[PDB]
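Novice: pasting an experimental structure, sequence included:
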Amino acid sequence: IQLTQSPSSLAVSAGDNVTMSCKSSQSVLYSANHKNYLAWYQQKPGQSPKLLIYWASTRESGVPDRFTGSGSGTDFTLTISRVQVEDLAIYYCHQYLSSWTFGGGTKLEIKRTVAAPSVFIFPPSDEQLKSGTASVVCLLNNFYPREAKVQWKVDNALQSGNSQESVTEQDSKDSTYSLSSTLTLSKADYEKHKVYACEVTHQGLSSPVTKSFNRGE
Amino acid sequence: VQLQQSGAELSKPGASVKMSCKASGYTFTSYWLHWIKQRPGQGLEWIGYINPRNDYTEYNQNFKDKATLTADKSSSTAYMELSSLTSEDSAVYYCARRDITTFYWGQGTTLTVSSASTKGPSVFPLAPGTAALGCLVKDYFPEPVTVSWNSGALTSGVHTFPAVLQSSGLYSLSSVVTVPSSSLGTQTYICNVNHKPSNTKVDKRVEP
Ligand SMILES: *[C@@H]1O[C@H](CO[C@@H]2O[C@@H](C)[C@@H](O)[C@@H](O)[C@@H]2O)[C@@H](O[C@@H]2O[C@H](CO)[C@@H](O)[C@H](O)[C@H]2NC(C)=O)[C@H](O)[C@H]1NC(C)=O
């Protein structure tokens, strides 16, 4: 039995209504007790999946009434009424007629208004430089939506391929993201150049924001 | 009812690993015991189940050569062995079973498959109206590390980023916090780093 979930991801503002679909390739309705062997799980970031609904429409203990499961046979729906910021999670459906199957999940993100990042640049530490490698770090703080670009420049020379980025989960309160970009240089290359800069773009920025430092100043 | 799974697992490629799921609070042979794989970009995937009453096993076709499920009635413990390990087998694994009004899941066992060997991080300061400061937690294996600030007295504005896997096979992450610039001369800022696999503990003062 195959499970198809749609949409794969969506962003919805707090207070609005959410509907997500789970369709099975075969009926999971058991004729003997007239129950659908379908459940819904909520998996918040960093946590294990938590059971929300079983028998397609029965809420697990503790689950608030704003979560409603519906459908029968092959077509099922999870509705979240007046979404709250704590409802950010990936929602999975699960059929358990005999063997088990899981859907591909619907990632629920919290939509909010656009916020441009604040930018900070960090030189490599003197301690790290004693080791032959230099890490330059730029921080992009409290922005939305998730997409952003960090362009590293070394004496105005555009860098490529020697950076890695990492993005936080949405903040539990304000739903923003933060991002760290790390530029990795040999110590030899780092001490050969003076001006280190990270140039940041984001859909909320009318023009790029650049933060920079001069080595040894 | 409790499903207690064994601790985190680390393996070199090509080897095998065996994890356990200890059941308590019910008759072990009365319910099938399922196993589930959770890999970052692969959602949740059912592996298979064992019927502990008779040792019969049923597998997801994708795992028929990867997983071997066994059970020990006397100790109320189920086992899953994963063989011919590759980095594709790195994931969180659960055991689970169903009940009349709920499902019971184990707490999960994390498996990392890599040619890397356990190694503690190096911790470097990220030096600073608003100032940012942080700590670079570089070149450690395996995950995870934990970072706190001022022994937990500082939480607001802290961002500890997900680790990135470097080309060396080692992980690196940064933890940052934003504070008033006017506080830098009156308040100490210390990142508390813990890497339990290597027993590494580092508490670094971060100053301009
Ligand atoms: C968001 O949905 C709520 C709830 O309505 C749904 O109605 C059912 C058919 C079913 O889909 C359930 O899951 C939900 O409960 C809407 O609130 C209703 O609004 C009307 C008009 O104002 C009112 O008469 C009802 O009493 C309200 N019901 C509740 C429970 O408050 C709400 O309007 C929807 N909001 C948006 C923006 O679509």
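Specialist: Looks like it came in fine. Residues are numbered from 1 along each chain as shown, chains lettered A, B, ... in the order given.

Novice: distance of the residue of chain B found nearest the ligand relative to residue A:189?
Specialist: Across chain B, no residue is closer to the ligand than residue B:101, which sits at 22.8 Å (C-beta to the nearest ligand atom). (C-beta placed from N, C-alpha, C; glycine too.) Using C-beta to C-beta, to the nearest Å, we find residue B:101 at a distance of 63 Å from residue A:189.

Novice: could you do residue A:124 as well?
Specialist: 11 Å.

Novice: again with residue A:137
Specialist: In terms of C-beta to C-beta, residue A:137 sits 16 Å off from residue A:189.

Novice: cool, residue A:88 as well?
Specialist: Plainly put, residue A:88 is 41 Å away from residue A:189 if you go by C-beta to C-beta.

Novice: how about residue A:44?
Specialist: The value you get for residue A:44 to residue A:189, if C-beta to C-beta is used, is 42 Å.

Novice: how is chain B partitioned into domains?
Specialist: Per the record, chain B has its domains at B:1-111, B:112-208, by curated CATH domains.

Novice: nearest to residue A:175, out of these?
Specialist: Proximity to residue A:175 (C-beta to C-beta) singles out domain B:112-208 among these, at 14.0 Å.

Novice: and that closest one, how far out from the chain middle?
Specialist: Mean-position distance between domain B:112-208 and its chain equals 18 Å (C-alpha atoms, centre = their mean, to the nearest Å).

Novice: distance between the ends of that domain?
Specialist: Domain B:112-208 has an end-to-end distance of 37 Å (criterion: C-alpha to C-alpha, to the nearest Å).

Novice: neighbour count winner among residue A:88 and residue A:189?
Specialist: Ranked by neighbour count (other C-beta atoms under 10 Å in any protein chain shown), residue A:88 and residue A:189 place residue A:88 first, with 22 against 12.

Novice: so the more buried one sits against residue A:44, correct?
Specialist: Yes: between residue A:88 and residue A:44 there is a contact under C-beta atoms under 8 Å: 6.8 Å.

Novice: list the residues that contact residue A:37.
Specialist: A:28-30, A:55, A:95-97 (C-beta atoms under 8 Å, 6 or more residues apart in numbering or on different chains).

Novice: repeat the analysis, applying 10 Å as the threshold.
Specialist: Contacts for residue A:37 (C-beta atoms under 10 Å, 6 or more residues apart in numbering or on different chains) come out as A:1, A:24, A:27-30, A:54-56, A:94-98, A:100, B:98.

Novice: same question, residue B:163
Specialist: By C-beta under 10 Å, 6+ apart, the neighbours of residue B:163 are A:166, B:121, B:137, B:140-145, B:170-174.

Novice: let's have these in JSON lines, adding distance to the ligand, neighbour count and secondary structure.
Specialist: Below are the contacts of residue B:163 laid out as JSON lines (distance: C-beta to the nearest ligand atom, whole Å; neighbours: other C-beta atoms under 10 Å in any protein chain shown; DSSP: H, G, I helix; E, B strand; the rest coil):
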{"residue": "A:166", "distance to the ligand": "35", "neighbour count": "16", "secondary structure": "strand"}
{"residue": "B:121", "distance to the ligand": "48", "neighbour count": "25", "secondary structure": "coil"}
{"residue": "B:137", "distance to the ligand": "44", "neighbour count": "29", "secondary structure": "strand"}
{"residue": "B:140", "distance to the ligand": "47", "neighbour count": "25", "secondary structure": "strand"}
{"residue": "B:141", "distance to the ligand": "47", "neighbour count": "23", "secondary structure": "strand"}
{"residue": "B:142", "distance to the ligand": "44", "neighbour count": "24", "secondary structure": "coil"}
{"residue": "B:143", "distance to the ligand": "40", "neighbour count": "16", "secondary structure": "coil"}
{"residue": "B:144", "distance to the ligand": "39", "neighbour count": "14", "secondary structure": "coil"}
{"residue": "B:145", "distance to the ligand": "42", "neighbour count": "24", "secondary structure": "coil"}
{"residue": "B:170", "distance to the ligand": "48", "neighbour count": "19", "secondary structure": "coil"}
{"residue": "B:171", "distance to the ligand": "43", "neighbour count": "23", "secondary structure": "strand"}
{"residue": "B:172", "distance to the ligand": "44", "neighbour count": "24", "secondary structure": "strand"}
{"residue": "B:173", "distance to the ligand": "40", "neighbour count": "23", "secondary structure": "strand"}
{"residue": "B:174", "distance to the ligand": "40", "neighbour count": "26", "secondary structure": "strand"}
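
Novice: pull the most distant pair out of those.
Specialist: B:142 and B:174 (18.3 Å).

Novice: hang on, the earlier thing: that's a helix at the residue of chain B closest to the ligand, yeah?
Specialist: No: Residue B:101: not assigned to a helix; according to DSSP: H, G, I helix; E, B strand; the rest coil it is coil.

Novice: surely it meets residue A:39?
Specialist: No: judged on C-beta atoms under 10 Å, residue B:101 makes no contact with residue A:39 at a distance of 11.6 Å.

Novice: longest helix in chain A, please.
Specialist: Ranked by residue count and defined by DSSP state H, the top helix of chain A is helix A:187-192.

Novice: the following helix or strand past it near chain B at all?
Specialist: Next along the chain after helix A:187-192, taking DSSP states H and E as the criterion, comes strand A:195-202. No: shown here: strand A:195-202 not in contact with chain B (C-beta under 10 Å from any C-beta of the partner chain), separated by at least 12.8 Å.

Novice: how about strand A:195-202, which residues are buried there?
Specialist: A:196-202 (16 or more other C-beta atoms under 10 Å in any protein chain shown).

Novice: quick one on the thing from earlier: which neighbours do residue A:88 and residue A:44 have in common?
Specialist: Common neighbours of residue A:88 and residue A:44, counting by C-beta under 10 Å, 6+ apart, are A:108, A:169, A:172.

Novice: I'd assumed the last one was in a strand, is it?
Specialist: Which is residue A:172. No: under three-state DSSP, residue A:172 falls outside any strand and is assigned coil.

Novice: how close does the closest residue to residue B:123 other than its chain neighbours sit to residue B:148?
Specialist: Closest residue to residue B:123 apart from its sequence neighbours, by C-beta to C-beta, 6 or more residues apart in numbering or on different chains: residue B:202 at 4.4 Å. As judged by C-beta to C-beta, residue B:202 and residue B:148 stand 12 Å apart.

Novice: which residues do the two both contact?
Specialist: Common contact partners of residue B:202 and residue B:148 (C-beta under 10 Å, 6+ apart): B:191-194.

Novice: a markdown table please, covering the residues you listed and showing secondary structure.
Specialist: Shown next, in a markdown table, are the shared contacts of residue B:202 and residue B:148 (three-state DSSP):
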| residue | secondary structure |
| --- | --- |
| B:191 | strand |
| B:192 | strand |
| B:193 | strand |
| B:194 | strand |
